[PDB]
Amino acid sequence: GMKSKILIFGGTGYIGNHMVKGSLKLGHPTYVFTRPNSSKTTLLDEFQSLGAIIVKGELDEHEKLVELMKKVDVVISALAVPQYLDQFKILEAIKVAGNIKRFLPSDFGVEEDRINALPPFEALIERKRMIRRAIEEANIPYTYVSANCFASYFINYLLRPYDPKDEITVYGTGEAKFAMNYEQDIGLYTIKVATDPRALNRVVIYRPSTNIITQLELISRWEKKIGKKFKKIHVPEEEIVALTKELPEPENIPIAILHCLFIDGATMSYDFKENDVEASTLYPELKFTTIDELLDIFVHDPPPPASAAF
């Protein structure tokens, strides 16, 4: 009834599917824009069975976007890095429609307006900021979400639980702190704040105290969980730096993220600004799945590994 109608772009995506599910679970009328040449047919069928309205089309269909924007209240973009400036197509429709109550561009990472990485990653951040400036310039109501590290994503990446190897690779010293959150919670919380007046025109950061850790600490705890000690092999920072300069694109981009995440610890290298909102504090009936709980999940039923597109 009163439920805001939510439109999600990139809904079949890695993090996008969680926003679609949390939206439906929260009883929000949910529209999912997806490409006709969709290969996520089985996932779309699932969304459909959950009550979601599927809208096939291309971002180039400006008029379709405009007429669609008119039927919804909230717009969330969970598009991949390759499609970042394409968000200007979504932005143009919103502007023409004029009725959008909240717009969440595709961030869901580190806090771009307060951290600096190597040229490769610095370039992608610059783009996100371009989007942000355009949003504020037009006075479009928004919410900037810094979700920090996708947990299942990085546990698979750093621990390779689907590989009984005796060694484990540590980037840099492994002493750098970072925060990692379960993908399911990132989705649910993003939907909550997209309608939370407390997040209107604000930067929301997902940093629950129970999800801050270093590579070494993560490894050490995984070891206790499974009762197996691993041989640690470090990759010097200087080597990671050289690679970002040598390796081509997009190969060198995740190399720059790794340095920024696990070597620089850009997800913990800053203190909260006055206007910042840390989401775990917003809802007493909700909580982020903790690291220990996450390790438990990877023991009882580990989720499959995944790689982001660059």
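Numbers follow the displayed sequence, beginning with 1.
Averaged over CA atoms, B-factors in the entry run higher in 248 to 256 than in the other of 248 to 256 and 24 to 32. Of the two segments examined, 168 to 176 and 87 to 95, it is 168 to 176 that shows the higher average Cα temperature factor in the deposited entry.
As recorded in the PDB entry, 126 shows the highest C-alpha B-factor of the residues 107, 126, 73, 183.
Annotation for 158, 149, 100, 118: 118 ranks highest, by Cα B-factor. The deposited CA B-factor of residue 236 belongs to the highest third of values across its chain. When the modelled residues of the chain are ordered by C-alpha B-factor, residue 13 sits in the middle third. Sort the modelled residues of the chain by CA B factor and residue 45 lands in the highest third. In the PDB entry, a CA B factor belonging to the middle third of its chain's modelled residues is recorded for residue 229.
The PDB entry assigns residue 278 a C-alpha temperature factor belonging to the lowest third of its chain's modelled residues.
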